[PDB]
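Asker: build me a structure from this.
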Amino acid sequence: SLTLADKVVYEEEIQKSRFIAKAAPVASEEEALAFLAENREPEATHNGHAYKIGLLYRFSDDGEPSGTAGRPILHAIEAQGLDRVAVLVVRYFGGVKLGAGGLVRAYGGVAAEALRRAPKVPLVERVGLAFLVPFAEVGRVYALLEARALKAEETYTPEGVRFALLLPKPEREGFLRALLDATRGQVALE
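Answerer: Residues are numbered from 1 along each chain as shown. Structure as follows:
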């Protein structure tokens, strides 16, 4: 999954209605509601929104016909493979009715455009690994760590060196395989 690397604002007029999409990365529901509260415009016709944080998601039509604003925004977030993102779409009615179909395309479309234009970065979960290395294998492990640009907490004991490492979840498997290979399996995973 990708998340936003900065906040973005994108405005577009559709059949005279003014749509302003404001998006930001959010790592907790507290942050999502804080962002929405700060960016909502009280005198707008509607402040539709949606956000996704892992399994947690939320969407709101704020008065628009049910299913025409909130879900389309959430679908735009999901369609671009984003997570830990909140999107608000402020709307100022301009005198021309868009119709349910047009609303779905407007809210979803403007949210999608804002998300496409925003800078994005991979959403990575940091995880830890710990293992005990016999003294005969320590040299090979330090070389491996250097070779993979990894730094670890080290504890020297009578049975060898205990290493504690933090790294991206997607890289955990590759590292353990590299470790087991460099030491020919002579290590105790903890």
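Asker: assign residue 164 to helix, strand or coil.
Answerer: At residue 164 the chain is in strand, as set by DSSP: H, G, I helix; E, B strand; the rest coil.
Asker: what helix or strand is residue 78 on?
Answerer: helix 70-79 (DSSP states H and E).
Asker: centre of the chain to that helix, how far?
Answerer: 14 Å (CA atoms, centre = their mean, to the nearest Å).
Asker: what do you get for stretch 105-115?
Answerer: 18 Å.
Asker: check stretch 138-156 too.
Answerer: That offset, for stretch 138-156, works out to 30 Å (CA atoms, centre = their mean).
Asker: buried residues, that stretch. List them.
Answerer: 138, 140-141, 144-145, 150, 152 (16 or more other CB atoms under 10 Å). C-beta here means a position set from N, CA and C on the backbone, and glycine is covered the same way.
Asker: and which of these is nearest residue 23?
Answerer: residue 150 (33.6 Å; CB to CB).
Asker: hey, what's the closest residue to residue 23 other than its chain neighbours bridged with?
Answerer: Closest residue to residue 23 apart from its sequence neighbours, by CB to CB, 6 or more residues apart in numbering: residue 87 at 4.4 Å. Per DSSP bridges, the residues bridged to residue 87 are residue 23, residue 50.
Asker: tell me the contacts of residue 87?
Answerer: 21-23, 49-51, 73, 76-77, 111, 114-115 (CB atoms under 8 Å, 6 or more residues apart in numbering).
Asker: state the distance from residue 53 to residue 141.
Answerer: 37 Å (CB to CB, to the nearest Å).
Asker: let me know the outermost residue of the chain.
Answerer: residue 158 (43.0 Å; CA atoms, centre = their mean).
Asker: any idea how far residue 132 is from that one?
Answerer: Distance of residue 158 to residue 132, computed by CB to CB: 11 Å.
Asker: try residue 78
Answerer: From residue 78 over to residue 132 (counting by CB to CB), the distance is 43 Å.
Asker: my read: residue 58 touches residue 26, true?
Answerer: No. At 10.5 Å, residue 58 and residue 26 do not qualify as touching, with contact defined as CB atoms under 8 Å.
Asker: which one of these two is surrounded by more residues?
Answerer: Ranked by neighbour count (other CB atoms under 10 Å), residue 58 and residue 26 place residue 26 first, with 23 against 16.
Asker: quick check: buried residues in stretch 31-51?
Answerer: 31-32, 35-36, 39, 44, 46-51.
Asker: give me phi/psi at residue 59?
Answerer: phi -150, psi 150 (degrees, to the nearest 10).
Asker: quick one: contacts for it?
Answerer: Here residue 59 is in contact with 49-51, 70-71, 73-74 (CB under 8 Å, 6+ apart).
Asker: what's the answer for residue 51, then?
Answerer: 26, 32, 36, 57-59, 74, 77, 85-87.
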